[PDB]
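Mature numbering (1 follows the signal peptide of the UniProt record, and there is no 0) numbers the first residue of the sequence shown as 334 and each following residue consecutively. Using N, Cα and C, we set each Cβ at its ideal position, and we do this for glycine too. A short worksheet on the structure shown next.
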Amino acid sequence: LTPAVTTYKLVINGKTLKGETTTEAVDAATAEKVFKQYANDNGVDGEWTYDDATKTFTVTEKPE
């Protein structure tokens, strides 16, 4: 693994906010964790994953 400190980006697409924020992480997991805490606080998390369509992360409200 590569224990490097990198910065990543996150976009939210809910019925609350439709903007973007960013965070710092070590690996994929770290990023996911900080972003989740934030998204929880906000009140979103239906489709909560990663985006490979402009190196971003995404929390959309499209549940099944």
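The shortest C-alpha to C-alpha distance from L350 to any of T335, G376, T389 is the one to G376. Beta-bridge analysis with DSSP links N346 to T393.
Counting only the Cα atoms, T363 lies some 10 angstroms from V338. Annotation note: the region 356-394 contains the following uninterrupted beta strand (DSSP E) runs of length 3 or greater, listed N- to C-terminal: 380-384, 389-393. The alpha-carbon separation between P336 and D360 amounts to approximately 7 angstroms.
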